[PDB]
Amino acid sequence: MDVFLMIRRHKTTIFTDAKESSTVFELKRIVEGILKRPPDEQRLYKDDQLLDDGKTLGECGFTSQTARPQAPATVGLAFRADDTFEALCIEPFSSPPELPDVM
């Protein structure tokens, strides 16, 4: 079963899908192909929890019925700058304005 994800770091967001049965490490390989940083320089999170490399996405709570095409699940990403890892930081999206009177 496919799960639909937004992988997020700072002001970067990647839309991709993967299998419920695929591993955290396999998702780092996907990120590597896109942003050119190897798996050992990556940490992936679900909310504030660091995800272990050998776990499947399903085990980590990304399931086909919560990680949907029209409302994908967010995975946090942090990079290692040289020696140590930056902290997880996701810039929020902009805020919608007030509804006009007629709405």
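Position 1 is the first residue in the sequence shown; the rest follow in order. Take the two forms, superpose them, and find the largest set of C-alpha atoms that agree within 1.5 Å; that set is the rigid core.
Of the two stretches examined, 18-26 and 78-86, the one with higher mean CA deviation in 6 other deposited structures of this protein after a rigid core fit is 78-86.
Of 4-12 and 94-102, the stretch whose C-alpha atoms sit farther from the shown form in 6 other deposited structures of this protein, after fitting on the rigid core, is 94-102. In this crystal structure, the stretch out of 35-43 and 61-69 whose C-alpha atoms carry the higher mean B factor is 35-43. For the two regions 13-21 and 82-90, the entry's Cα B-factors average higher over 82-90.
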